[PDB]
């Protein structure tokens, strides 16, 4: 299986069948995804000199899809995800470490990123999951050769939107505005409390992207840059399918992400959640 399309008019019943006998068919599907993509090298990532640049030593970018930094140490734990129409729709990455904050912002600048989506908290169940890689207050900071200033921070019920200005130090006139969307209510290895919340967050970000008169790739990260990051991007793609086609292909969406990075949609619960979001959108639409 590379794809399992479901006609939208059949989705409700198909989902009930997938859930039958304690999610038997859903589990069978999820398990079929287990080895997708795994026939690719993680060689550059496994170099001793790059070891300390990886948050989790099992979660490494493939050579064929890794993002390269300019200059003499080109390594960051980050992977390009191609779009349906053109390469590099997203860059998926881990939560930056103290020693990779500069690399993260260097990647942002070099790849012409204008929007960042963060789907982890910095600290969860008492563990650091992502370092606090932007300024704490309103003062400018250098991160390597870039200057970063926070312009606004808008705390909303379930996510916070921040705007930053970033300048290359050699050309202070040529700044860029970066928007950062931080979803604050998603437990690691788990799912948000409602489908409605993540659906609206994804639609919100998608609307902002669509007004970012084409930017570069959207960066999406969590702690490892696979579970919550993968579920987010999967839901973005699936919601676009529901707006364009009369079939939806959740298996194909996750399959295609796994071709580009390990563990995208990292738990069966997350895979089930994607089905619940589709179910919920379609239920509403049936009556409207």
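Residue numbers count along the first chain shown, from 1.
Engineer: Highest mean C-alpha temperature factor of the two stretches 137-145 and 82-90, which is it?
Structural biologist: Taking the mean B-factor of the alpha carbons in each, 137-145 is higher.
Engineer: Quick one: higher average CA temperature factor, 276-284 or 8-16?
Structural biologist: Comparing 8-16 with 276-284, the higher average CA B-factor belongs to 8-16.
Engineer: Of the choices 209, 199, 117, 76, which one's C-alpha carries the largest B-factor in the record?
Structural biologist: Within the set 209, 199, 117, 76, 209 shows the top C-alpha B-factor.
Engineer: Out of 231, 40, 54, 240, which one has a C-alpha B factor higher than all the others in the entry?
Structural biologist: Out of 231, 40, 54, 240, the record gives the largest C-alpha B-factor to 40.
Engineer: Sorting the chain's modelled residues by C-alpha B-factor, tell me whether residue 220 ends up in the lowest, middle or highest third.
Structural biologist: According to the entry, residue 220 has a C-alpha B-factor in the chain's lowest third.
Engineer: By its CA B factor, does residue 265 count among the lowest, middle or highest third of the modelled residues in the chain?
Structural biologist: Ranked within chain, residue 265 CA B lands in the lowest tercile.
Engineer: Test of reading the entry: by CA B factor among the chain's modelled residues, which third contains residue 162?
Structural biologist: According to the entry, residue 162 has a C-alpha B-factor in the chain's lowest third.
Engineer: Among the chain's modelled residues, which third holds the C-alpha B-factor of residue 44?
Structural biologist: It falls in the top third of the chain.
Engineer: How does residue 28 rank on Cα B-factor within its chain, lowest, middle or highest third?
Structural biologist: Top third by C-alpha B-factor.
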